[PDB]
Every structure is written in structure tokens, then in C-alpha cells.
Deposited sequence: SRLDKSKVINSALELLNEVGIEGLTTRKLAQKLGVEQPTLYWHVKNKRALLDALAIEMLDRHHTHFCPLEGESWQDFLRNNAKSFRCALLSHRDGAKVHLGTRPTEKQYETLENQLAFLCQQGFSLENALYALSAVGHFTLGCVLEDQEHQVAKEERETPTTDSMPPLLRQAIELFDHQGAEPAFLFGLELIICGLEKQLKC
């Protein structure tokens, strides 16, 4: 044990994959680290705090499109931002659940301010620009949550009208990705509309 925040979060990320969000505990975490449970406090207070750092960490590694490139349309940006957010959530077991209920923190202030200012100078009012953000985040979270639940819920469970069958089979056969890429693009047309004003 070199004893590191970075090693704790690494190890916690692994443990999340092993047991998932409900089964994750600080007790189980220290044991995986081969340390006593008081020691691990020097890095995490408790489960919520641990979960906040896991959520933060998943963005650090995977949410790469947190920032607009100039010349890149706001439209492409809401697109690539949602994509990498999605990508962040999917990176681990219960990724979307680990994010749920988190809020902006100090180290995101600059990223997030830039995010609203980028939209604003495109001509969205601050209000619509923050609603453009929540619509995309709510929608993306909704997709990954359903998509992520699908598997554990299919484990624990065991004939119809032909259009419904066709619809389910089309839905089932096409991944989460198209269902995701589709709504994403409906939201972007709503916003292309709104902005025209």
C-alpha cells in the first residue's frame, strides 16, 4: 500500500464492476485494498462521497467532449458532448446510476461556464441554453439507465400482435445506439427551431 486517492478511485472503479452500485460499500472497498476501514476515510468520507468521486472520475477518463472547438457548430458540439457523456456513463457498471443526483462541483465550474457561454454567443438566451443542456442530459441519462438495467433485469425474469412483435424485434435488433442517436437528433431539431427567433 503506497496509499493514494488515485489508487482508491481505481480500486473503487473496479469494485463497482464487481458488485455494482448497491453492493458497493466503503467496508468492501478497504478490504479490496488490503487496508483497515479507518484508513480509507483519509480519502473518502462515505458511500455518497465515494460515489461522487466515481462519477467525477468517469468523466475525467471518458467525457472528452466537455469543451467546444470553435468552427465546430453548437449542433455538432451538443452532439459530441452527449456522445462522450453517454460514453462516460457506459464505461462502468451502474455508471448512469452513479451519476444520478450528482451536481456541478468546483472543478467543473470553468468547463460548465464555458459551456453556457459557448451556447450564448451562438444566440441562445442563458435560459434556453441551460435547457438545451438539461434536455440532452436527461435524455442521455434516460437512455443509458434503461440500457444498463436491461441486463440485470433480463437475468431475473422469465405472444402478441404482429406489429408490436415487429416493433419489439426491430427495437431489440437495433442497439441502444440508434435509439440514442435518434432522440438526440430530434432534440437538436427542436433547438435548431427555437434558436431561429
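J.: Counting from 1 along the deposited sequence, give me every gap where there's no C-alpha, start to finish.
T.: According to the record, the single gap falls at 159 to 163.
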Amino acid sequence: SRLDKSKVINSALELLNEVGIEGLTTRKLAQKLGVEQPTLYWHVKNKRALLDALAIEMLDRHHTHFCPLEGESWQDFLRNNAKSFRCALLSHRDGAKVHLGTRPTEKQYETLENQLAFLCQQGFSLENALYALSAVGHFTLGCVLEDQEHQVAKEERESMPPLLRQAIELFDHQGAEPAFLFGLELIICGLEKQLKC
From here on, numbers count along this sequence of modelled residues.
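J.: Taking the recorded C-alpha temperature factors, which stretch has the higher mean, 94 to 102 or 122 to 130?
T.: Taking the mean C-alpha B-factor of 94 to 102 and of 122 to 130, the larger value falls to 122 to 130.
J.: For the higher mean C-alpha B factor in the entry, choose 172 to 180 or 16 to 24.
T.: Result: 172 to 180.
J.: Would you check the entry's CA temperature factor for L112 and let me know if it's in the chain's lowest, middle or highest third?
T.: It falls in the middle third of the chain.
J.: Mind checking which third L59 falls in for C-alpha B-factor across the chain?
T.: Answer is lowest: the recorded C-alpha B-factor places it there.
J.: What third of the chain, by the recorded C-alpha B-factor, contains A53?
T.: Tercile = lowest for this residue's CA B-factor.
J.: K45's Cα B-factor: lowest, middle or highest third of the chain?
T.: Tercile = middle for this residue's CA B-factor.
J.: Quick check on the deposited entry: does the C-alpha B-factor of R157 sit in the lowest, middle or highest third of its chain?
T.: Its C-alpha B-factor, which the entry lists for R157, ranks in the highest third among residues of this chain.
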